[PDB]
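Written below as structure tokens is the structure these notes are about.
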Amino acid sequence: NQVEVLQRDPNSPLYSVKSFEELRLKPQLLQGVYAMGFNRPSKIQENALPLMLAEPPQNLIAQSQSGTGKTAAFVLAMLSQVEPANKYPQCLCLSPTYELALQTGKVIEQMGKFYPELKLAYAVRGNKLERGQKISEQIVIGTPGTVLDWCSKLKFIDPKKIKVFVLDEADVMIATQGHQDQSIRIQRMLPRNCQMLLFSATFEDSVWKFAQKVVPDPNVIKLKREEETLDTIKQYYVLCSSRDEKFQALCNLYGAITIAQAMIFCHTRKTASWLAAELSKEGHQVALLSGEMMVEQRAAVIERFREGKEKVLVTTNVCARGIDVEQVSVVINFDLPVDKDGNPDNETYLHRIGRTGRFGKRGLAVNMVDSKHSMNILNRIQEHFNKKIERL
RNA sequence: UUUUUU
Ligand SMILES: Nc1ncnc2c1ncn2[C@@H]1O[C@H](COP(=O)(O)OP(=O)(O)NP(=O)(O)O)[C@@H](O)[C@H]1O
Ligand SMILES: [Mg+2]
């Protein structure tokens, strides 16, 4: 409905000149697409697919806004290249976090379901295969530690047979701060002829430069600064001078933000669990998710939040990227995003608020400012994006 | 700090 109107508007990133039929996907892939409920490509899908499906295959570094369909663009490229007759990994997709790997894997299964023979392996924590076992599935989705184990020490995968390598959230996967060391070690194991696809909603300048040097001869799709922020996510702030006041303000807002699901973002695992415990003392049911939890607990909590069994997720940056829950209508930055140094983290900011307003929905983001220093950070973020954040 | 392997 909003989607139908937006896909008719040439100013929207959801608009495509061409239909799925005109993109010339394999018929089993068009089946997967229409079964997903898709009607028309978004812009990134219609722009990236021809580059990725050109023969000979081409490398791509591409940027597109939050919630514009980057996942299906890359999944389709992986699925187009696989030969379901060869029973070994041919495609490798890396994600920065456990829940994101699980989520994407689900998309792969669903879009590839009309290739009865195609099967998916999960190279994630808690996923063990006896020694001397080589993996049979043609596609692998994983997080970097495990995949890097699977490739060499344990030898479950021959990396020299991989023909498509995908980095989702490509800028944190290759950043020195992020997963650079594991990603580049995995990459070095690939054969020369392997197609490399990097997708993100953001690339800091030096990361953009670095991607051009680790990806041979890439095509590039890059946004202008003004294009990065969505008109559909309203940005506010609340001025407060203490943790307790923020919590107070949060208590104040909680009805208005709980109409539809919310995610709340904290700087540390410890603040995350403190906040979740304090909200439960007020009689609110919230679910806590952070990387100190066991994977079985992490999996069960994200699934319950997806099922609407939990309305409020209190979390760390573990959920900042890529997590797609269509009912999330509010994002709260309880803490403002800062890098390891404590400088303002523009990229994370944009990904956190991108949890809401997915694929044509509207959303709201509320920043909790607790100091002058925090206020400095907020003004910095606003200047980076040139998008004014209203006082609430 | 946040993630991230057996
Ligand atoms: N052509 C399409 N038509 C309708 N819905 C779509 C289409 N492509 C993707 N979607 C839905 O769009 C939502 C967001 O897609 P997703 O691929 O997660 O966004 P993304 O670009 O990866 N964003 P981020 O990972 O947050 O930078 C998902 O629920 C998709 O199922
Ligand atoms: Mg994504």
Side-chain angles (χ1 to χ4, degrees), chain A residues 92-105 121-135 140-157 159 167-189 200 202 204 207 243 263-276 288-299 301-302 313-323 331 333-352 355 373-374 377:
Chain A
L92 179 52
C93 173
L94 307 183
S95 288
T97 64
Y98 182 69
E99 306 77 358
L100 180 48
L102 294 190
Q103 160 173 306
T104 303
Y122 289 83
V124 297
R125 284 219 314 279
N127 209 343
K128 300 179 300 180
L129 300 60
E130 180 180 0
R131 186 177 64 91
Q133 300 180 0
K134 277 239 170 199
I135 294 169
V140 177
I141 176 93
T143 48
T146 300
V147 167
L148 177 66
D149 264 16
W150 281 30
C151 300
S152 60
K153 154 189 173 163
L154 317 153
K155 294 166 172 203
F156 302 161
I157 290 164
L167 292 174
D168 197 10
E169 304 302 340
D171 61 327
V172 66
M173 299 299 293
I174 70 178
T176 303
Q177 300 180 0
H179 298 274
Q180 198 179 263
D181 284 3
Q182 298 175 317
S183 293
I184 302 312
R185 279 182 207 279
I186 286 152
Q187 182 200 21
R188 286 205 220 98
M189 295 187 90
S200 184
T202 51
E204 207 203 333
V207 182
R243 177 152 89 163
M263 278 167 79
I264 299 181
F265 282 103
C266 301
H267 189 55
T268 71
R269 291 165 177 187
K270 283 171 185 161
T271 297
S273 62
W274 170 93
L275 182 66
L288 161 77
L289 180 67
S290 86
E292 78 202 340
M293 279 156 61
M294 286 167 273
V295 293
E296 312 81 307
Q297 291 175 270
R298 295 167 58 175
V301 168
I302 199 70
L313 185 59
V314 166
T315 196
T316 57
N317 281 345
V318 78
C319 295
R321 292 177 171 244
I323 294 318
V331 177
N333 291 306
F334 185 78
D335 294 318
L336 274 48
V338 299
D339 62 49
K340 62 153 311 138
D341 280 341
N343 300 298
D345 185 349
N346 303 315
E347 289 77 31
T348 302
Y349 178 78
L350 191 70
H351 280 97
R352 285 183 182 178
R355 286 23 281 142
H373 176 84
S374 286
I377 285 165

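Labels below follow one simple rule: chain letters A, B, ... track the order of the sequence lines, proteins then strands, and each chain is numbered from 1. Computed from heavy atoms alone, side chains included, the values below leave out hydrogens, waters and symmetry copies.
- Protein chain A contacts RNA chain B from B/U1 to B/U6, reading 5' to 3' and using non-hydrogen atoms of the protein with a distance under 4.0 Å.
- Nucleic acid contact for A/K128: base, since at least one base atom lies under 4.0 Å from a heavy atom of the residue.
- For A/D345, the side chain to side chain donor-acceptor pair (under 3.5 Å) test picks out A/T348, with sequence neighbours left out.
- Comparing A/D339 and A/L148, the nucleotide of RNA chain B nearest to each residue sits closer to the 5' end for A/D339.
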Check: residues 123-132 of chain A side-chain donor-acceptor pairs under 3.5 Å, at least two apart:
from, atom 1, to, atom 2, distance (Å)
A/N127, ND2, A/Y122, O, 2.6
A/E130, OE1, A/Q133, NE2, 3.4

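- Between A/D171 and A/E204 there is no side-chain heavy-atom pair separated by less than 4.5 Å.
- Residue contacts shown for A/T348 are absent, as no nucleic acid heavy atom lies under 4.0 Å away.
- For the side chain to side chain donor-acceptor pair (under 3.5 Å) test, no residue two or more places apart in sequence or in another chain qualifies with A/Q182.
- Across all strands shown, A/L129 has heavy atoms under 4.0 Å from base atoms, whether or not it also approaches the sugar-phosphate.
- Not a single side chain to side chain donor-acceptor pair (under 3.5 Å) links A/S152 to another residue, sequence neighbours left out.
- Among the heavy atoms of the strands, none lies under 4.0 Å from A/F265.
- Note on A/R298: only backbone sugar-phosphate atoms sit closer than 4.0 angstrom, heavy atoms only; bases stay farther off.
- In this structure A/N333 satisfies the side chain to side chain donor-acceptor pair (under 3.5 Å) test together with A/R352, A/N367, sequence neighbours excluded.
- Within the 4.0 angstrom heavy-atom criterion, only backbone atoms of the sugar-phosphate kind lie near A/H267; the bases stay farther away.
- Among the atoms of the strands shown, base atoms are found under 4.0 Å from some heavy atom of A/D149.
- Residue-level contact check: A/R125 touches the backbone only, with heavy atoms under 4.0 Å from sugar-phosphate atoms and none from bases.
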